[PDB]
Amino acid sequence: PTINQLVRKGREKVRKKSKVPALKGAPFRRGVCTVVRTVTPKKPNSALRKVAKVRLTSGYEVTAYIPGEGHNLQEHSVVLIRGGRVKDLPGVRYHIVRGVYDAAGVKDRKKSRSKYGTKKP
Amino acid sequence: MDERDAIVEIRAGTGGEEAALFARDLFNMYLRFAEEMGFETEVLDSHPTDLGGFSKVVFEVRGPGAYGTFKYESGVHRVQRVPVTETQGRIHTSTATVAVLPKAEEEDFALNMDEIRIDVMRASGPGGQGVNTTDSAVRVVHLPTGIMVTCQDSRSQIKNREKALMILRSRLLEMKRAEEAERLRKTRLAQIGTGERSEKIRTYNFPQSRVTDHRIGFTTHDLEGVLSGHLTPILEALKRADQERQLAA
RNA sequence: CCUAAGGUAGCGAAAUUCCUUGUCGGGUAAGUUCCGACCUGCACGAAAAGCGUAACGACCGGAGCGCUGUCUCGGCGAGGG
RNA sequence: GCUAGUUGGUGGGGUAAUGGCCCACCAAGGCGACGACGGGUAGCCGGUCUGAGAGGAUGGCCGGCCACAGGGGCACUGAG
RNA sequence: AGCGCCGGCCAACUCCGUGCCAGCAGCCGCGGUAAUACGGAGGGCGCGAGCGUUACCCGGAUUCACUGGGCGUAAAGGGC
RNA sequence: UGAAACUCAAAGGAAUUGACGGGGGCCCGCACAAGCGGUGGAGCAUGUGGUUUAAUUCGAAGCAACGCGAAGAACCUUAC
RNA sequence: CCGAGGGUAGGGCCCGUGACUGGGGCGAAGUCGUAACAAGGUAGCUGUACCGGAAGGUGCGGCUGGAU
RNA sequence: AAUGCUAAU
Ligand SMILES: [K+]
Ligand SMILES: [K+]
Ligand SMILES: [Mg+2]
Ligand SMILES: [Mg+2]
Ligand SMILES: [Mg+2]
Ligand SMILES: [Mg+2]
Ligand SMILES: [Mg+2]
Ligand SMILES: [Mg+2]
Ligand SMILES: [Mg+2]
Ligand SMILES: [Mg+2]
Ligand SMILES: [Mg+2]
Ligand SMILES: [Mg+2]
Ligand SMILES: [Mg+2]
Ligand SMILES: [Mg+2]
Ligand SMILES: [Mg+2]
Ligand SMILES: [Mg+2]
Ligand SMILES: [Mg+2]
Ligand SMILES: [Mg+2]
Ligand SMILES: [Mg+2]
Ligand SMILES: [Mg+2]
Ligand SMILES: [Mg+2]
Ligand SMILES: [Mg+2]
Ligand SMILES: [Mg+2]
Ligand SMILES: [Mg+2]
Ligand SMILES: [Mg+2]
Ligand SMILES: [Mg+2]
Ligand SMILES: [Mg+2]
Ligand SMILES: [Mg+2]
Ligand SMILES: [Mg+2]
Ligand SMILES: [Mg+2]
Ligand SMILES: [Mg+2]
Ligand SMILES: [Mg+2]
Ligand SMILES: [Mg+2]
Ligand SMILES: [Mg+2]
Ligand SMILES: [Mg+2]
Ligand SMILES: [Mg+2]
Ligand SMILES: [Mg+2]
Ligand SMILES: [Mg+2]
Ligand SMILES: [Mg+2]
Ligand SMILES: [Mg+2]
Ligand SMILES: [Mg+2]
Ligand SMILES: [Mg+2]
Ligand SMILES: [Mg+2]
Ligand SMILES: [Mg+2]
Ligand SMILES: [Mg+2]
Ligand SMILES: [Mg+2]
Ligand SMILES: [Mg+2]
Ligand SMILES: [Mg+2]
Ligand SMILES: [Mg+2]
Ligand SMILES: [Mg+2]
Ligand SMILES: [Mg+2]
Ligand SMILES: [Mg+2]
Ligand SMILES: [Mg+2]
Ligand SMILES: [Mg+2]
Ligand SMILES: [Mg+2]
Ligand SMILES: [Mg+2]
Ligand SMILES: [Mg+2]
Ligand SMILES: [Mg+2]
Ligand SMILES: [Mg+2]
Ligand SMILES: [Mg+2]
Ligand SMILES: [Mg+2]
Ligand SMILES: [Mg+2]
Ligand SMILES: [Mg+2]
Ligand SMILES: [Mg+2]
Ligand SMILES: [Mg+2]
Ligand SMILES: [Mg+2]
Ligand SMILES: [Mg+2]
Ligand SMILES: [Mg+2]
Ligand SMILES: [Mg+2]
Ligand SMILES: [Mg+2]
Ligand SMILES: [Mg+2]
Ligand SMILES: [Mg+2]
Ligand SMILES: [Mg+2]
Ligand SMILES: [Mg+2]
Ligand SMILES: [Mg+2]
Ligand SMILES: [Mg+2]
Ligand SMILES: [Mg+2]
Ligand SMILES: [Mg+2]
Ligand SMILES: [Mg+2]
Ligand SMILES: [Mg+2]
Ligand SMILES: [Mg+2]
Ligand SMILES: [Mg+2]
Ligand SMILES: [Mg+2]
Ligand SMILES: [Mg+2]
Ligand SMILES: [Mg+2]
Ligand SMILES: [Mg+2]
Ligand SMILES: [Mg+2]
Ligand SMILES: [Mg+2]
Ligand SMILES: [Mg+2]
Ligand SMILES: [Mg+2]
Ligand SMILES: [Mg+2]
Ligand SMILES: [Mg+2]
Ligand SMILES: [Mg+2]
Ligand SMILES: [Mg+2]
Ligand SMILES: [Mg+2]
Ligand SMILES: [Mg+2]
Ligand SMILES: [Mg+2]
Ligand SMILES: [Mg+2]
Ligand SMILES: [Mg+2]
Ligand SMILES: [Mg+2]
Ligand SMILES: [Mg+2]
Ligand SMILES: [Mg+2]
Ligand SMILES: [Mg+2]
Ligand SMILES: [Mg+2]
Ligand SMILES: [Mg+2]
Ligand SMILES: [Mg+2]
Ligand SMILES: [Mg+2]
Ligand SMILES: [Mg+2]
Ligand SMILES: [Mg+2]
Ligand SMILES: [Mg+2]
Ligand SMILES: [Mg+2]
Ligand SMILES: [Mg+2]
Ligand SMILES: [Mg+2]
Ligand SMILES: [Mg+2]
Ligand SMILES: [Mg+2]
Ligand SMILES: [Mg+2]
Ligand SMILES: [Mg+2]
Ligand SMILES: [Mg+2]
Ligand SMILES: [Mg+2]
Ligand SMILES: [Mg+2]
Ligand SMILES: [Mg+2]
Ligand SMILES: [Mg+2]
Ligand SMILES: [Mg+2]
Ligand SMILES: [Mg+2]
Ligand SMILES: [Mg+2]
Ligand SMILES: [Mg+2]
Ligand SMILES: [Mg+2]
Ligand SMILES: [Mg+2]
Ligand SMILES: [Mg+2]
Ligand SMILES: [Mg+2]
Ligand SMILES: [Mg+2]
Ligand SMILES: [Mg+2]
Ligand SMILES: [Mg+2]
Ligand SMILES: [Mg+2]
Ligand SMILES: [Mg+2]
Ligand SMILES: [Mg+2]
Ligand SMILES: [Mg+2]
Ligand SMILES: [Mg+2]
Ligand SMILES: [Mg+2]
Ligand SMILES: [Mg+2]
Ligand SMILES: [Mg+2]
Ligand SMILES: [Mg+2]
Ligand SMILES: [Mg+2]
Ligand SMILES: [Mg+2]
Ligand SMILES: [Mg+2]
């Protein structure tokens, strides 16, 4: 565009979109589990991925992934959720934090224990 | 329970034509197995495919203990092999679903008049002194449910009463059938689920000539024998597990 | 299989629906009427016109507000008998 | 598209003081695509973070100014 | 004395277990009976009273281009 | 005039080497046509599918598996 | 007189929700056909109009991002 | 004149 056109109209800035709107600007959110189940991933992966339906303190109700091998979550469990989507699961945008509230740490975990919330043996 | 007759429904899962061919293989295997155990088999429903498979096949196992011995075959069966519909020689993973139900009863439906209330009253509309003075209109009420049927079609109280009772019987029979069908549908869904590759109950690996039952971790290497109807080892292992699971306390 | 040909658009429990107070939603503390839908149209349907339509109606439905001897439940008074 | 104390004038009231700030009367003006009016959001700055610079984001603590003191309105005392 | 990491980006590799399962994942992607990508072990790399993760901002983004972009066929010349 | 939610990890332009066409051109082969003799019908031999069986060992699967591995299964062979 | 607030009536805008209804995105498998990519077996595309289970067909005109 | 070929190099 010409200089006069830039003076008349300018350049439009770029507005970013939040990928974790249910967090409402917080790093983490507490919630209560309503449904715990397994879901199947999209092509090409094949598995039974453990997820929870979580009703949060911020008013939203979302789906969160449960990482690690084995878990103790069930209906009415209190959990903490953090950002981060699971690529191969449709509509899953959040991760349950292991080792907080009613979500126990991963048993017999020996590597990368700060994730999965396992104490030093 | 374990002593009645069995209804077996085999449906093709994921995999298309190969899935239908695998459903046909399962059908042959179960037919030969039932013959080897002494039962009598009749095919109730059949939907074949052009290549010789079945998209769906429903048959009956008649004999004391048919359901009890076929009750471990319910679920998703997974096959890993090179299809005959495959052109490039790749291995494919397909599934077939098996549903096992106990054959039910055909108890006839009748109206118990002790729970039925009949009211008679004047009809509405034309007729002069006749309709002004006659108790021709009939109402029948099924007291347990509160369902009522009213008949006014004829000038005669007797015919109206008979018609109302007939209509009430048909309505109650329809409701009974609907609830039975809903219960059976829920049972079927609980058995077969979605037919996805996961949630499988048994895997038949042809390249490795291996059969694996994942409920009990039982692997054997006689795939041809199993597919010819030799299911006794797997079934005895499953019965072992069922008897051991009740170790209380 | 049969017909000269097998009902199109639109509308539909209708001034048309027998079962019927169909079913679901609304309105009411409670709604066989009413309104909005569904389609199983006994037996809608295109100039004996079909579907809409602002304005108009001592036409026929349904609801609310205002106000009341209509009523709860009657009482007194006036005049003509 | 907005505006009827609205825009201006005259006289007055009030104030420490100018002023439609307020009132009475007279005129019909004032504002707007250089974005009025309306809606949403927000205390502002010195600065801070980032960036080769230009720019972008931001205004916690510290210094400056403003606003508020349960939610609204009002005046008294007083240099304030 | 701990924490993260060891397929590429990116520094640091072998054995066993499992067998599209369990699981990993920022992107590309790994896993379906010989997996440097899952879990454990031995070893290694980077930091170290810290090491990672989530959220948000700038950078990389010359990807709103003033510095510093474009419009025949990739998005883009208004029918005249 | 003109969005968003949601979703994907690409969607695209030009050119290159192939492959393919019920595109074109020029050619070729018992490919057709021109001929002669067969097979498909019968009986029998033999190999195979299926079915049966205690077992009817195993492999070979369009052309390029089926008088094929087998240029010699009463026992042996022989693997059931 | 003004006046916080309260009351009554009628509007404007926005948000949540609703029997039912319309399409959209997605799917390691289903049913129906085969419209496009080769002259894709009726050259394709296109504005408009009417029609048909569906992709689509046909009429009128236009373009080559087609041939001759 | 002649329709179609799922899904793991
Ligand atoms: K109707
Ligand atoms: K009628
Ligand atoms: Mg210029
Ligand atoms: Mg994978
Ligand atoms: Mg670690
Ligand atoms: Mg009557
Ligand atoms: Mg009469
Ligand atoms: Mg009567
Ligand atoms: Mg009589
Ligand atoms: Mg119609
Ligand atoms: Mg109608
Ligand atoms: Mg109508
Ligand atoms: Mg109705
Ligand atoms: Mg009704
Ligand atoms: Mg009507
Ligand atoms: Mg009726
Ligand atoms: Mg009636
Ligand atoms: Mg009713
Ligand atoms: Mg009714
Ligand atoms: Mg009703
Ligand atoms: Mg209802
Ligand atoms: Mg209601
Ligand atoms: Mg009402
Ligand atoms: Mg109500
Ligand atoms: Mg209400
Ligand atoms: Mg009510
Ligand atoms: Mg009610
Ligand atoms: Mg009702
Ligand atoms: Mg009524
Ligand atoms: Mg009424
Ligand atoms: Mg009503
Ligand atoms: Mg009505
Ligand atoms: Mg109505
Ligand atoms: Mg109605
Ligand atoms: Mg209904
Ligand atoms: Mg409808
Ligand atoms: Mg009806
Ligand atoms: Mg009509
Ligand atoms: Mg006519
Ligand atoms: Mg007529
Ligand atoms: Mg007529
Ligand atoms: Mg008329
Ligand atoms: Mg009409
Ligand atoms: Mg009318
Ligand atoms: Mg009108
Ligand atoms: Mg008018
Ligand atoms: Mg009117
Ligand atoms: Mg009107
Ligand atoms: Mg008028
Ligand atoms: Mg009117
Ligand atoms: Mg008028
Ligand atoms: Mg009039
Ligand atoms: Mg009127
Ligand atoms: Mg009139
Ligand atoms: Mg009248
Ligand atoms: Mg009247
Ligand atoms: Mg009238
Ligand atoms: Mg009237
Ligand atoms: Mg009415
Ligand atoms: Mg009326
Ligand atoms: Mg009324
Ligand atoms: Mg009222
Ligand atoms: Mg009233
Ligand atoms: Mg009275
Ligand atoms: Mg009274
Ligand atoms: Mg009175
Ligand atoms: Mg009363
Ligand atoms: Mg009364
Ligand atoms: Mg009374
Ligand atoms: Mg009363
Ligand atoms: Mg009284
Ligand atoms: Mg009285
Ligand atoms: Mg009295
Ligand atoms: Mg009285
Ligand atoms: Mg009195
Ligand atoms: Mg009295
Ligand atoms: Mg009196
Ligand atoms: Mg008196
Ligand atoms: Mg009087
Ligand atoms: Mg008197
Ligand atoms: Mg008197
Ligand atoms: Mg004034
Ligand atoms: Mg003013
Ligand atoms: Mg002024
Ligand atoms: Mg500064
Ligand atoms: Mg600097
Ligand atoms: Mg600078
Ligand atoms: Mg500040
Ligand atoms: Mg301020
Ligand atoms: Mg305040
Ligand atoms: Mg407070
Ligand atoms: Mg003082
Ligand atoms: Mg003072
Ligand atoms: Mg390296
Ligand atoms: Mg991995
Ligand atoms: Mg890891
Ligand atoms: Mg391994
Ligand atoms: Mg890694
Ligand atoms: Mg490892
Ligand atoms: Mg830098
Ligand atoms: Mg870059
Ligand atoms: Mg920039
Ligand atoms: Mg740059
Ligand atoms: Mg520039
Ligand atoms: Mg560019
Ligand atoms: Mg261009
Ligand atoms: Mg160009
Ligand atoms: Mg293009
Ligand atoms: Mg572009
Ligand atoms: Mg373009
Ligand atoms: Mg031009
Ligand atoms: Mg153009
Ligand atoms: Mg032109
Ligand atoms: Mg997007
Ligand atoms: Mg010849
Ligand atoms: Mg012959
Ligand atoms: Mg023959
Ligand atoms: Mg012969
Ligand atoms: Mg053989
Ligand atoms: Mg072999
Ligand atoms: Mg040969
Ligand atoms: Mg030969
Ligand atoms: Mg021989
Ligand atoms: Mg021997
Ligand atoms: Mg021998
Ligand atoms: Mg809404
Ligand atoms: Mg075409
Ligand atoms: Mg084609
Ligand atoms: Mg085509
Ligand atoms: Mg074709
Ligand atoms: Mg064609
Ligand atoms: Mg064509
Ligand atoms: Mg065509
Ligand atoms: Mg073409
Ligand atoms: Mg073309
Ligand atoms: Mg056209
Ligand atoms: Mg026309
Ligand atoms: Mg046509
Ligand atoms: Mg084809
Ligand atoms: Mg094809
Ligand atoms: Mg087809
Ligand atoms: Mg073809
Ligand atoms: Mg193929
Ligand atoms: Mg194809
Ligand atoms: Mg293909």
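Chain A is the first sequence line, chain B the second, and so forth, proteins listed ahead of strands; every chain is numbered from 1. What you see below is based on every heavy atom in this structure, not just the backbone, and it leaves out hydrogens, waters and symmetry mates.
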- Query: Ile96(A) and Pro67(A): which non-hydrogen atoms are nearest, and at how many Å?
  - Reply: O-CD, 3.5 Å

- Query: Is the NZ or CZ atom of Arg109(A) both under 6.0 Å from the centre of the six-membered ring of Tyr116(A) and within 45° of that ring's axis?
  - Reply: yes

- Is the backbone N or O of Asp119(B) less than 3.5 Å from a side-chain atom of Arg139(B), with the two atoms forming a donor-acceptor pair by type? no

- Should the pair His77(B) and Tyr204(B) be assigned to parallel (<30°), tilted (30 to 60°) or perpendicular (>60°) ring geometry? parallel

- Query: When rounded to the nearest 0.5 angstrom, what is the spacing between NZ in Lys159(B) and CG in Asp153(B)?
  - Reply: 13.0 Å

- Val79(B) side chain near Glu18(B) side chain, heavy-atom distance below 4.5 Å: yes

- Go through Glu244(B) and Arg240(B) one step at a time and tell me if the salt bridge (charged side-chain N to carboxylate O under 4.0 Å, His left out) criterion holds. CA-CA 6 Å; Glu244(B) 220 152 316; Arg240(B) 286 168 181 199; over 6 Å; no

- Under 3.5 Å donor-acceptor, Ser209(B) side chain and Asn205(B) backbone: no

- Drop me the distance from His230(B)'s NE2 to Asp222(B)'s CG, to the nearest 0.5 angstrom. 7.5 Å

- May I ask you to check whether over 12 heavy atoms, not counting those of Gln129(B), lie within 6.0 Å of atom CD? no

- Item | Between CD1 on residue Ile118(B) and CD1 on residue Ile116(B), distance to nearest 0.5 Å | 7.0 Å

- Task: Measure the shortest side-chain to side-chain distance between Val106(A) and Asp108(A) over non-hydrogen atoms and say whether it is less than 4.5 angstrom.
- Result: no

- Message: Quick check on side-chain contact (heavy atoms from CB on, under 4.5 Å): which of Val78(A), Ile81(A), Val79(A), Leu56(A) does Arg30(A) satisfy it with?
- Response: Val78(A)

- Query: Backbone N or O of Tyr94(A) within a donor-acceptor pair of the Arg82(A) side chain at under 3.5 Å?
  - Reply: no

- Under a 4.5 Å cut-off applied to non-hydrogen side-chain atoms, are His76(A) and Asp102(A) in contact? no

- Task: For the pair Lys50(A) (side chain) and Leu48(A) (backbone), establish whether a donor and an acceptor sit closer than 3.5 Å, ignoring hydrogens and angles.
- Result: yes

- Item | Any donor-acceptor pair under 3.5 Å from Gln5(A) side chain to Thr2(A) backbone | yes

- Message: I want to check something: taking the side chain as every heavy atom from C-beta on, are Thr212(B) and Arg202(B) in contact at a cut-off of under 4.5 Å?
- Response: no

- Item | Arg169(B) (side chain) donor-acceptor with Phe109(B) (main chain) under 3.5 angstrom | yes

- Short question: side chain of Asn45(A), backbone of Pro41(A) - any donor-acceptor pair under 3.5 Å? no

- Task: Could you tell me the separation between the CZ atom of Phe33(B) and the CG atom of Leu231(B), rounded to the nearest 0.5 Å?
- Result: 4.5 Å

- Task: Check the pair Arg11(A), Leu6(A) against side chain to side chain contact (heavy atoms under 4.5 Å, CB included), reporting the backbone distance first and the verdict last.
- Result: CA-CA 7 Å; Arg11(A) 299 277 203 189; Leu6(A) 286 177; 3.6 Å; yes

- Group every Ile, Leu, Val, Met, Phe, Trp and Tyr by side-chain heavy-atom contacts under 4.5 Å, then state whether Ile234(B) and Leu223(B) land in the same group. yes

- Query: Does the side chain of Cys33(A) reach to within under 4.5 Å of the side chain of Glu75(A), using non-hydrogen atoms?
  - Reply: no

- Give the C-alpha distance, both sets of side-chain angles, the deciding distance and a yes or no for side chain to side chain contact (heavy atoms under 4.5 Å, CB included) between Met1(B) and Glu3(B). CA-CA 6 Å; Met1(B) 29 204 300; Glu3(B) 322 95 59; 3.3 Å; yes

- What's the verdict on side chain to side chain contact (heavy atoms under 4.5 Å, CB included) for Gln88(B) and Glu86(B), showing C-alpha distance, side-chain angles and the deciding distance? CA-CA 6 Å; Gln88(B) 299 134 82; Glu86(B) 162 69 19; 3.3 Å; yes

- Message: Using a 3.5 Å distance criterion without hydrogens, assess whether the side chain of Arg98(A) forms a donor-acceptor pair with backbone atoms of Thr118(A).
- Response: no

- Task: Apply the test side chain to side chain contact (heavy atoms under 4.5 Å, CB included) to residues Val138(B) and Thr150(B): give CA-CA distance (whole Å), side-chain angles for both, the deciding distance (0.1 Å), then the verdict.
- Result: CA-CA 6 Å; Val138(B) 173; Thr150(B) 62; over 6 Å; no

- Message: For the backbone of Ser136(B) and the side chain of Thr134(B), can you confirm whether one donor and one acceptor N or O come within less than 3.5 Å of each other?
- Response: no

- Query: Taking the six-membered ring where the residue is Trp, are the ring centres of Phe59(B) and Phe27(B) under 6.0 Å apart?
  - Reply: yes

- Crowded around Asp50(B) CG? As in, over 12 foreign heavy atoms under 6.0 Å? no

- Is there a donor-acceptor pair closer than 3.5 Å between any side-chain N or O of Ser58(A) and the backbone N or O of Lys24(A)? no

- Any luck finding a side-chain donor-acceptor pair between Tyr72(B) and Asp213(B) under 3.5 Å? no

